[PDB]
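# Breakdown of the fold
Here's the letter readout for the chains.
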Amino acid sequence: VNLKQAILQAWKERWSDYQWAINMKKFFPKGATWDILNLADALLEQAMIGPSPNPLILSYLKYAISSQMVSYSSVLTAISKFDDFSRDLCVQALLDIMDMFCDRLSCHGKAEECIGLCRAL
Amino acid sequence: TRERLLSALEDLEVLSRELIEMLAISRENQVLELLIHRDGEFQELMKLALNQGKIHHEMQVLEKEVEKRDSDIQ
Amino acid sequence: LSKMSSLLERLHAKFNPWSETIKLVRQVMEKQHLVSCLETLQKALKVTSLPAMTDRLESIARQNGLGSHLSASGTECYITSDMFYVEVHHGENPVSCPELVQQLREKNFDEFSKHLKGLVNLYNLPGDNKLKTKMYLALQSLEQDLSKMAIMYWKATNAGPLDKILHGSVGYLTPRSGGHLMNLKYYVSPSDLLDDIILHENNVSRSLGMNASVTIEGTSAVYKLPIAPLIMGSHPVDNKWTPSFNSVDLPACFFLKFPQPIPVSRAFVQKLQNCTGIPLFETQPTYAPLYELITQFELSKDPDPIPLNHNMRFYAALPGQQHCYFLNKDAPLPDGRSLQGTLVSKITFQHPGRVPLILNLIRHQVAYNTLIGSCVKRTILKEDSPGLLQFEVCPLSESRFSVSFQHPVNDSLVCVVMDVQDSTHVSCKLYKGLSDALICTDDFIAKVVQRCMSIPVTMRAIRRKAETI
Amino acid sequence: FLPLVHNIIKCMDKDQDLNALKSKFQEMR
């Protein structure tokens, strides 16, 4: 039902990232580009609870960036809302996630998405 | 039961003799295990063997008494 | 089959006698070590009166390849090297051990046989002759020093036996008796102190806990060891050791053999080396994930024919609720290498000075193994629809691990990161989202764990406390 | 019975024919 419950079921029964993608499609008929539903926010919240991120939900977010499920703008905003900064491991994970899409950073959509990418940068 | 005890006795004697003879020729866990198994059979039924005889003597006394009683009654 | 063939051979002999066989043996004699060994076997099964029980003691001698000389019926002596003892080299007969006397007076010749085996193993020492006597003298000095160090702790604090075992200099120490060498009890796990609420008293069982044995063993390299008691002068708090040279370069070192090999992590090897310096594993052998080795140690404590085939997904059943724990070996540590460790059976220390430091590191590694070990179980939890709460253990760093579980009331994942700072001390922090229901108070969980035992158990308390609120 | 057999085995280990004959008489007993 909620995105938190779907991600958490994906953590409970060990789902590989593509099986997570399929079952995430099946749980939600309207895709809504997954950014209306804030996929990046929920994945970052339930990945960055420990002192070190659990590699499962980070694998889910890295697949959801490398495959184009989630726009770069929602990821950059959800990265921007983290701070805390006392943990170096979560910060290094966020910088590897930024190392994925940065230098590429190419929106192919409406101009409002490009303005959103500007504000997100 | 008597047959079983006699068979155990014969097996024990032959196998013990064979093991000792092989030791003598040199200067046998199979034989050893067989020995302990029938030794347990003989020992457990040797306490029985002794009591059986005492019980048999008692039975003979009882039989004599019964016989007398009957003959007297007749 | 073989028995049937033997019966057929007996039938053939009957057709052919025992007297003839005896005559044939006599002819062969007129015309060995295995027959001697066979004698001991059939004399061990022999059990009769006191005369034949003295021949059973003679059987025990040749069973362990020992030499027996008897003066009168009362005294018989088994003699090899310095291992000479009499049931009525370089030392007086030490004691009339009640242990050995009780076993012999009662019908336990088997227990006496085990005790001789222990004595023979202790003196399996290679060396030569005068060197063996000196090497034994060094072991005697180490034993005296270790005993004094234990006495100092008892004088300084009148601690109960449990405190000494869990947090004391050296450990509960039983002086060597007969074959058994000195045993220092490094740790007594809370779950195993309780059996089916045991109070230790001074009657603490030899195996009721984790025990390590101190002994001298020959080495390829040459080392300098104290040949006389080195605690000539003792500072009232802790101990002071007079410096070496007395000492001699015997080709051996003191050892701290562990009866069951303890899985130890690469980080511990470095932390331990920093103090002693003696290479812990010398010739670098194999080094795979630590969590696999921890599972093998826990699973092999009780042996069963079917391998668990866990796939690192151990299932645990508890009074309330059902839990499944994934040990998550292969999770990268900050360095990028999964926790890797190798079983250690023998740790070698020249003097006891570095021993207090080495033991404190070992106690911490043993404690972490016990908390993670408590989860490993042989559970066939198949098709479990109710409960089956699923937790995963990840190695965040050497000495730290995270148990991750779904929030008991809300939906976000919540993780408790536990660090085994010391053998008896673990510090745990609950990580919970900004919007979440206060799951637990870190102190209440601690009280329940200390009063009871293990960590599969800690997760139950966290769930129950949250639900009660 | 078993004691006599063990005594015969001990005699074999020491070595006799007379003892084997004694074992046969023990079997008659």
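Note that residue numbers begin from 1 in each chain and follow the written sequence, not necessarily the entry's scheme, while residues that lack coordinates are absent from the view. As they are written, the chains are lettered A onward and the ligands numbered 1 onward, keeping that order. Any value you read here covers just the chains shown, which are one part of a larger assembly. With hydrogens and water stripped out, all remaining heavy atoms of the structure feed into the side-chain values. Residues with missing side-chain atoms are left out of burial classes, side-chain pairs and their counts.

Looking at the entry header, you'll see cryo-EM listed as the method and 4.07 Å as the resolution.

The name the PDB entry gives chain C is Mediator of RNA polymerase II transcription subunit 1, with Homo sapiens as the organism.

The PDB entry lists chain B under the name Mediator of RNA polymerase II transcription subunit 4, from Homo sapiens.

This part covers the packing of helix 1 (residues 3-12) of chain A against helix 2 (residues 17-27) of chain A. All names here are of chain A. To define axes, lines are fitted to C-alpha atoms, for helices over the stretch in contact only, and angles between the resulting N-to-C directions are given on a 0 to 180 degree scale. To qualify as a helix, a DSSP run of H or I must reach at least 4 residues; to qualify as a strand, a run of E must reach at least 2; elements of each kind are numbered from the N terminus. Closest axis-to-axis distance for the helix 1/helix 2 pair is 11 Å, and the angle between their directions is 150 degrees. Taken together, the axis directions place helix 1 and helix 2 in an arrangement best described as roughly antiparallel. Where helix 1 crosses over helix 2, the handedness of that crossing is right-handed. Of helix 2, the residues touching helix 1 (which contributes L3, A6, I7, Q9 and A10) are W20, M24 and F27. Residues belonging to the contact of helix 1 with helix 2 are distributed by class as follows: seven nonpolar, one polar and no charged. Angular relationships are summarised with four words: roughly parallel below 35 degrees, roughly antiparallel beyond 145, roughly perpendicular across 65 to 115, and oblique for the angles in between. Helix crossings are classified by the rotation of the near helix relative to the far one: an anticlockwise turn of less than a right angle makes the crossing left-handed, while a clockwise turn makes it right-handed. Any two residues having at least one pair of non-hydrogen atoms within 4.5 Å are treated as being in contact. Each residue is assigned to one of three groups, with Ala, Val, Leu, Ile, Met, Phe, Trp, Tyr, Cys and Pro labelled nonpolar, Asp, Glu, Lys and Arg labelled charged, and all others, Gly among them, labelled polar.

The next point concerns the interface of chain A and chain C. Taken together, the contacts link 13 residues of chain A with 18 residues of chain C. Considering only the side of chain A, the residues that lose the most area to chain C are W11(A), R14(A) and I49(A), jointly responsible for 38% of the buried surface there. One salt bridge connects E392(C) with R14(A), and the closest N-O pair in it is separated by 1.9 Å. As used in this structure description, the phrase polar contact means that two N or O atoms lie within 3.5 Å; if the pair is within protein, one of them must be able to donate a hydrogen and the other to accept it, and residues adjacent in sequence are counted only when both atoms belong to side chains. Linking chain A to chain C there are three residue pairs in polar contact. The residue inventory of the side of chain A that touches chain C, partitioned by class, reads five nonpolar, five polar and three charged. Buried area adds together the accessible area that both of two parts lose upon being put together, with accessible area traced by a 1.4 Å probe. A pairing counts as a salt bridge when a side-chain nitrogen of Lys or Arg comes within 4 Å of a carboxyl oxygen of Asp or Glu.

What follows is about a nonpolar patch on the surface. All names here are of chain C. Nonpolar side chains (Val, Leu, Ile, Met, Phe, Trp, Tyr) within 5 Å and like charges within 9 Å form the patches, drawn only from residues with over 30% relative accessible area and no salt bridge. Surface accessibility in these figures is a Shrake-Rupley result with a 1.4 Å probe; residues are shielded only by whichever protein chains are displayed. Side chains of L194, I197 and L199 sit close together on the surface and give an oily, nonpolar patch of about 380 Å² of accessible area. By secondary structure assignment, the location of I197 is in the loop between helix 9 (190-193) and strand 6 (210-218). Burial status follows relative accessibility: with a 1.4 Å probe on protein chains alone, a residue under 20% of its type maximum counts as buried, one over 50% as exposed, and anything between as partly exposed. Exposure remark for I197: the relative accessible area of 81% places this residue in the exposed category.

So, about the pattern of salt bridges. Residue and element names in this part refer to chain C. Counting across every chain of the model gives 16 salt bridges over all chains. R378 is the partner of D304 in a salt bridge, and the nearest nitrogen-oxygen pair spans 3.8 Å. Residue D304 is found in the loop between helix 11 (290-301) and strand 12 (313-317), and its partner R378 is found in the loop between helix 12 (355-373) and strand 15 (389-397); the two are separated by 74 residues along the sequence. Here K429 ties to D419 by a salt bridge, and the two come within 3.1 Å at their closest N and O atoms. Separated by 10 residues along the polypeptide, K429 in strand 18 (residues 427-431) and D419 in strand 17 (residues 413-419) bring together distant segments of the chain. By relative accessible area, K429 is classed as partly exposed at 29%. Several salt bridges share partner residues, and in doing so they unite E292, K329 and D330 into one network.

Right, let's talk about the nonpolar core for a bit. All names here are of chain C. Put simply, a nonpolar core is a bunch of buried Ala, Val, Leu, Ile, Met, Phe, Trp, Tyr and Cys residues held in one set by side-chain atoms that sit within 4.5 Å of each other. Judged by nonpolar contacts, the single largest core of 83 residues is most densely connected at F258, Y291 and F401. Top element by residues in this core is helix 12. It accounts for nine residues. Ignoring any residue separated from it by four or fewer positions in sequence, one finds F258 in contact with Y186, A212, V344, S345, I347 and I362.

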